[PDB]
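Enquirer: Please see the structure below; I have some questions.
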Amino acid sequence: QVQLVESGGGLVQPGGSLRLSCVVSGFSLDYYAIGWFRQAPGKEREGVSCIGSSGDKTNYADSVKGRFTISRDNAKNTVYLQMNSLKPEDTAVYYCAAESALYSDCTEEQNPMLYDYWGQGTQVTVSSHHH
Amino acid sequence: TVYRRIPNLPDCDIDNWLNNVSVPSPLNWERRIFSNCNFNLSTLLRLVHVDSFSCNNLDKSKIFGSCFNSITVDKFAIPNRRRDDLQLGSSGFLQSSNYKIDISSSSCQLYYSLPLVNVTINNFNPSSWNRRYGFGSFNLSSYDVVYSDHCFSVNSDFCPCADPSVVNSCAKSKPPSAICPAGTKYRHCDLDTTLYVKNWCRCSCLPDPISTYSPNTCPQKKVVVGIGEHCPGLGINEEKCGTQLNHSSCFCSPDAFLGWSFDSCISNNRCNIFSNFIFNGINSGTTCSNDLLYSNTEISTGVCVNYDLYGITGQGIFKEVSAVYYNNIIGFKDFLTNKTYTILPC
Amino acid sequence: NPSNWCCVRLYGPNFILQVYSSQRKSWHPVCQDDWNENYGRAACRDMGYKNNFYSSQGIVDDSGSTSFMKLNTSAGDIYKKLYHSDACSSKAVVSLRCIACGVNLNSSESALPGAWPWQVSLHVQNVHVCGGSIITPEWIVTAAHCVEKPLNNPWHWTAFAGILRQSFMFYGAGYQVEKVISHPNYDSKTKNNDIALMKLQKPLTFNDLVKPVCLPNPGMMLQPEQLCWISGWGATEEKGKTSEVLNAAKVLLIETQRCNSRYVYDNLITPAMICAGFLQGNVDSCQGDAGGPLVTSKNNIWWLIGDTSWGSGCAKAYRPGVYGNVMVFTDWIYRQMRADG
Ligand SMILES: *[C@@H]1O[C@H](CO)[C@@H](O[C@@H]2O[C@H](CO)[C@@H](O)[C@H](O)[C@H]2NC(C)=O)[C@H](O)[C@H]1NC(C)=O
Ligand SMILES: *[C@@H]1O[C@H](CO)[C@@H](O)[C@H](O)[C@H]1NC(C)=O
Ligand SMILES: *[C@@H]1O[C@H](CO)[C@@H](O)[C@H](O)[C@H]1NC(C)=O
Ligand SMILES: *[C@@H]1O[C@H](CO)[C@@H](O)[C@H](O)[C@H]1NC(C)=O
């Protein structure tokens, strides 16, 4: 069975950092591009970042460009999203999704309809609560 | 234009029509045809709280003193978020699924408003088949006005419920079922055996008639309203129609009807209303403007003019003549001055 | 273990030669720097194409990669020689085609001669049983469920190429099949990984009527509803018999996400599957036979995107055709071709 499992979400202070992880099972990363998406409460699901099947192609939305960093480990079948300089705007449910390589590996605008397989997501909240 | 009005014609009372307390929604826009009566356009524009008035294929100023065969007045309350759909030639929801403004006719669009205390919004679904399979009614707050997003037509043999005899064998995606009225065809459902899945029931109009992946198989066909037509019906989610809660007949829950919305008409403590005036037979007939007087007593002679003499319409050159000549051409006796004339074609 | 191991691949419609970086988790293009035809043939043999070699040249890198692989100017297997260089001297990466493929009859229903030169009819007991796609003069891609037991033995099969009419496939005219390899993870219960390879006893003679189709590379960048073609001797009507003449039709790819909808196939489409057809139905894409080719045109090259796997009925609404995803099988195909010779 194919599964995408997100973890590493949580509550963090504004300006903090988190490391989300996505365990992929059921297919090889060599033939599939892996994207991170987020859905804010009551807002549409928007693309956050993308790593292609090659492992070199990475794309980021302008809202997190240069602050977040996506990476992958093919041996561990695990994709990591390092979220640095987290803002209150980054509060959302972060989903891991997979799209095939027949289509474009990484796009500048991540179309969620091109992604065929989805995880359950992990909650990330960035607010002043406890340092 | 030489005008001879029929005497003692009643007032059209178009203001009474526009200011009527029962205000329909665009889904059930109402029409009144005025014929054989006199009107006063300035008096109308004063009695009706006119916000805007603009005409297409007709000069605004030439209405005054003119006659028409008829004046068709359609009216409905304006859902606010949809006002821009009333622009001429717009493909918005109002003209696509409620009332299409005929851009080819000599027409005038009148946007006006009424005080909230004297307004009762009449939200009604004109669809005969929606009610046939249990439309119900619109339970909305005061001054909420209904409009259609998508109109669907069906043939006379349409029924949205699946056959219970077939559904009894459904193992997957068992649709609700009920008895369809005589002469109607049950909702089509195929028993498929995809891969290892046996008796998988796949029915028409999935997921809904608006977004169905197979419009060809869904009997509810998307349609755009024609000129002078109402919405033939809201989309029915057939997956909510075999409930058969009572009456032992095919009945759809109220939340099965799709492709409709509503918005308030209220602006500045007034309800906005749209009306379309269609002027049938310009410079003819007996529906005449009293804004200019019957100063036609001095009939222009020797010049080619249009004439409407007590309902006889034509064009010709007037030449004043006596009764001896009457002792290719027409002529008449103007009873206001008892002067006789002749009419030569231009 | 051969599956755990990888090395080399061709990426994109321009055949960019890519090597995997040990421990860095990444693919990198190859500099044209000191490349020649011998190295291209070496890379092709590494991918399992044996002595096949079409062309090798320098092109602009359109993959956006991080770093390149540059051979040490003189280090004395040359494979290790390639170290993580930040730029190429020649300002060009290696385009390498190992076999002339993807070309058919230019545009000028019943299939025309030379229109689908990779189409083959696979017969058992002088009867057309399945279809297939030529990829090399001796290798044919078909479905795994065609060759399940008791048809797992290669001696049951004969291949007919360049012939459009079944009546013109006489006893004796078809090429004997020497080896039949089903995918090791083929599941007949779910039709997952429904792909197999046939190796013929004698090489095909290529001409205008018999040509190979290109295997798909990773990163084809196809449209979401890319227009593809299917061909075969498939029965046009359900329960119908084998079409005498070869037929072909156009289909559109269907997004796997939309194809896994509850009111379509309800999460039966695996990553080893792609969907094609028309959802609303009424469109006769029944011409194809099992294992027959699903191909698409990109960069003026015909690519084998899928092999006909399964599908509930045909031309039925909410029941599009499901094909094997050749892209995820291209490495296994390369491995099988290398392990043969
Ligand atoms: C507003 O609605 C109509 C508009 O003329 C009038 O009321 C009745 O409407 C029905 C509609 O079918 C007619 O059949 C009747 O002849 C109308 N008149 C009566 C006396 O029933 C009337 O102008 C207004 N009705 C109100 C204010 O109740
Ligand atoms: C409402 O109708 C009544 C009865 O005709 C009238 O007297 C009143 O003026 C109307 N309301 C307004 C705000 O004009
Ligand atoms: C109609 O809607 C109101 C809320 O606007 C609600 O209180 C009422 O119960 C509804 N009527 C029915 C019959 O559901
Ligand atoms: C290339 O090979 C030589 C000889 O083995 C070695 O000294 C050198 O470090 C290698 N790498 C280069 C020149 O980048």
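Letters A, B, ... mark the chains of the structure tokens in the order given; residue numbers begin at 1 per chain; ligand numbers begin at 1, in order shown.
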Ligand 4: which residues are within 9 Å, counting only C-alpha atoms and all ligand atoms, as a list in words?

Expert: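 Using only C-alpha atoms and all ligand atoms, everything at most 9 Å from ligand 4 comes to residues 71, 72, 73, 74, 75, 76, 81 and 83 of chain C.
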
Enquirer: Would you mind exporting N, CA and C atoms of the selected residues as a PDB file, in the first residue's frame?

Expert:
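See result_35.pdb below for the written result:
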ATOM      1  N   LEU C  71      34.571  14.278 -16.200  1.00  0.00           N
ATOM      2  CA  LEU C  71      35.590  13.241 -16.129  1.00  0.00           C
ATOM      3  C   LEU C  71      36.943  13.866 -15.812  1.00  0.00           C
ATOM      4  N   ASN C  72      37.658  13.281 -14.850  1.00  0.00           N
ATOM      5  CA  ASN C  72      39.016  13.723 -14.557  1.00  0.00           C
ATOM      6  C   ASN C  72      39.847  13.674 -15.832  1.00  0.00           C
ATOM      7  N   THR C  73      40.521  14.789 -16.134  1.00  0.00           N
ATOM      8  CA  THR C  73      41.229  14.928 -17.405  1.00  0.00           C
ATOM      9  C   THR C  73      42.150  13.745 -17.681  1.00  0.00           C
ATOM     10  N   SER C  74      42.745  13.167 -16.634  1.00  0.00           N
ATOM     11  CA  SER C  74      43.555  11.958 -16.782  1.00  0.00           C
ATOM     12  C   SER C  74      43.703  11.331 -15.395  1.00  0.00           C
ATOM     13  N   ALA C  75      42.896  10.304 -15.124  1.00  0.00           N
ATOM     14  CA  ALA C  75      42.990   9.544 -13.887  1.00  0.00           C
ATOM     15  C   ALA C  75      43.358   8.086 -14.117  1.00  0.00           C
ATOM     16  N   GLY C  76      43.481   7.654 -15.370  1.00  0.00           N
ATOM     17  CA  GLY C  76      43.904   6.302 -15.688  1.00  0.00           C
ATOM     18  C   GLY C  76      42.769   5.306 -15.829  1.00  0.00           C
ATOM     19  N   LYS C  81      36.056   8.365 -12.599  1.00  0.00           N
ATOM     20  CA  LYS C  81      36.828   9.531 -13.038  1.00  0.00           C
ATOM     21  C   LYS C  81      36.015  10.816 -12.891  1.00  0.00           C
ATOM     22  N   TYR C  83      33.819  13.459 -11.351  1.00  0.00           N
ATOM     23  CA  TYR C  83      33.772  14.158 -10.084  1.00  0.00           C
ATOM     24  C   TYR C  83      32.849  15.357 -10.270  1.00  0.00           C
TER      25      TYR C  83
END

Enquirer: Do you know which residues are at most 6 Å from region 98-115 of chain A counting only C-alpha atoms, after dropping those on the same chain fewer than 4 positions away, and could you put them as a PyMOL selection string?

Expert: (chain A and resi 31-34+47+50+52) or (chain C and resi 218-222)

Enquirer: Store the residues of this selection in a file with C-alpha atoms, as a PDB file, in the first residue's frame.

Expert:
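Produced file again-v5.pdb, reproduced below:
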ATOM      1  CA  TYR A  31      10.272   8.501 -10.700  1.00  0.00           C
ATOM      2  CA  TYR A  32       8.116  10.891  -8.651  1.00  0.00           C
ATOM      3  CA  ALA A  33       8.332  14.538  -7.659  1.00  0.00           C
ATOM      4  CA  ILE A  34       7.524  15.295  -4.019  1.00  0.00           C
ATOM      5  CA  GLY A  47       1.926  25.061  -2.930  1.00  0.00           C
ATOM      6  CA  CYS A  50       8.807  20.997  -4.581  1.00  0.00           C
ATOM      7  CA  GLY A  52      11.911  16.801  -8.509  1.00  0.00           C
TER       8      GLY A  52
ATOM      9  CA  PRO C 218      11.829  10.438 -16.379  1.00  0.00           C
ATOM     10  CA  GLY C 219      10.830  14.072 -16.792  1.00  0.00           C
ATOM     11  CA  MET C 220       8.856  13.884 -20.052  1.00  0.00           C
ATOM     12  CA  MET C 221       6.834  16.916 -18.839  1.00  0.00           C
ATOM     13  CA  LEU C 222       3.635  15.746 -20.556  1.00  0.00           C
TER      14      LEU C 222
END

Enquirer: Using only C-alpha atoms and all ligand atoms, what are the residues with an atom within 9 Å of ligand 2, set out as a list in words?

Expert: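 Counting only C-alpha atoms and all ligand atoms, the residues within 9 Å of ligand 2 come out as residues 21, 114, 115, 116, 117, 118 and 119 of chain B.
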
Enquirer: Give the residue list for ligand 3 at 6 Å, counting only C-alpha atoms and all ligand atoms, as a ChimeraX atom specification, sorted by chain and then by residue number.

Expert: /B:139-141

Enquirer: Mind listing the residues within 8 Å of ligand 1, only C-alpha atoms and all ligand atoms counted, as JSON, numbers by chain?

Expert: {"B": [16, 17, 20, 21, 22]}

Enquirer: I need the residues from that last selection saved to file as a compact mmCIF listing (two decimals), in the first residue's frame (with N, CA and C atoms), if you can.

Expert:
# COMPACT_ATOMS: atom_id res chain seq x y z
N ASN B 16 -48.21 51.42 -10.48
CA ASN B 16 -48.82 50.45 -9.59
C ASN B 16 -48.21 49.07 -9.78
N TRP B 17 -47.83 48.73 -11.01
CA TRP B 17 -47.18 47.45 -11.28
C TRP B 17 -45.78 47.41 -10.68
N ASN B 20 -45.77 47.38 -6.80
CA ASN B 20 -46.50 46.31 -6.14
C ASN B 20 -45.65 45.70 -5.02
N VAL B 21 -46.31 45.33 -3.92
CA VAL B 21 -45.59 44.86 -2.74
C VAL B 21 -44.97 43.49 -2.98
N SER B 22 -45.60 42.65 -3.80
CA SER B 22 -45.05 41.33 -4.12
C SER B 22 -43.98 41.50 -5.19

Enquirer: At a cut-off of 8 Å, can you tabulate as JSON lines every residue of chain C near chain A together with its closest atom pair and the distance in Å to one decimal, using only C-alpha atoms and ordering rows by chain then number?

Expert:
{"residue": "C:25", "atom": "CA", "partner": "A:74", "partner_atom": "CA", "distance": 6.2}
{"residue": "C:26", "atom": "CA", "partner": "A:55", "partner_atom": "CA", "distance": 4.8}
{"residue": "C:27", "atom": "CA", "partner": "A:54", "partner_atom": "CA", "distance": 5.2}
{"residue": "C:28", "atom": "CA", "partner": "A:56", "partner_atom": "CA", "distance": 7.9}
{"residue": "C:63", "atom": "CA", "partner": "A:57", "partner_atom": "CA", "distance": 7.4}
{"residue": "C:64", "atom": "CA", "partner": "A:57", "partner_atom": "CA", "distance": 6.0}
{"residue": "C:65", "atom": "CA", "partner": "A:56", "partner_atom": "CA", "distance": 5.1}
{"residue": "C:66", "atom": "CA", "partner": "A:56", "partner_atom": "CA", "distance": 5.5}
{"residue": "C:218", "atom": "CA", "partner": "A:101", "partner_atom": "CA", "distance": 5.5}
{"residue": "C:219", "atom": "CA", "partner": "A:101", "partner_atom": "CA", "distance": 5.0}
{"residue": "C:220", "atom": "CA", "partner": "A:102", "partner_atom": "CA", "distance": 5.0}
{"residue": "C:221", "atom": "CA", "partner": "A:103", "partner_atom": "CA", "distance": 3.9}
{"residue": "C:222", "atom": "CA", "partner": "A:103", "partner_atom": "CA", "distance": 4.6}
{"residue": "C:223", "atom": "CA", "partner": "A:103", "partner_atom": "CA", "distance": 6.3}
{"residue": "C:224", "atom": "CA", "partner": "A:103", "partner_atom": "CA", "distance": 6.8}
{"residue": "C:255", "atom": "CA", "partner": "A:114", "partner_atom": "CA", "distance": 7.0}
{"residue": "C:256", "atom": "CA", "partner": "A:116", "partner_atom": "CA", "distance": 5.6}
{"residue": "C:257", "atom": "CA", "partner": "A:116", "partner_atom": "CA", "distance": 4.6}
{"residue": "C:271", "atom": "CA", "partner": "A:27", "partner_atom": "CA", "distance": 6.7}
{"residue": "C:327", "atom": "CA", "partner": "A:102", "partner_atom": "CA", "distance": 7.3}
{"residue": "C:328", "atom": "CA", "partner": "A:31", "partner_atom": "CA", "distance": 6.3}

Enquirer: Taking only C-alpha atoms into account, name the residue in B:223, B:273, B:67, B:304 that is nearest to residue 34 (chain B).

Expert: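 Selected residue with least distance to residue 34 (chain B): B:67.
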
Enquirer: Neighbouring residues of region 131-144 of chain C were defined as those with any atom within 6 Å, considering only C-alpha atoms; residues of the same chain fewer than 4 positions away were excluded. Please report them as a count of residues only.

Expert: 22

Enquirer: Tell me as number ranges by chain which residues belonging to chain C come within 7 Å of chain B, counting only C-alpha atoms.

Expert: C: 190, 263, 279-281, 312, 317

Enquirer: Grab the CA of residue 101 (chain B) to CA of residue 144 (chain B) distance for me, in Å with one decimal place.

Expert: 22.4 Å
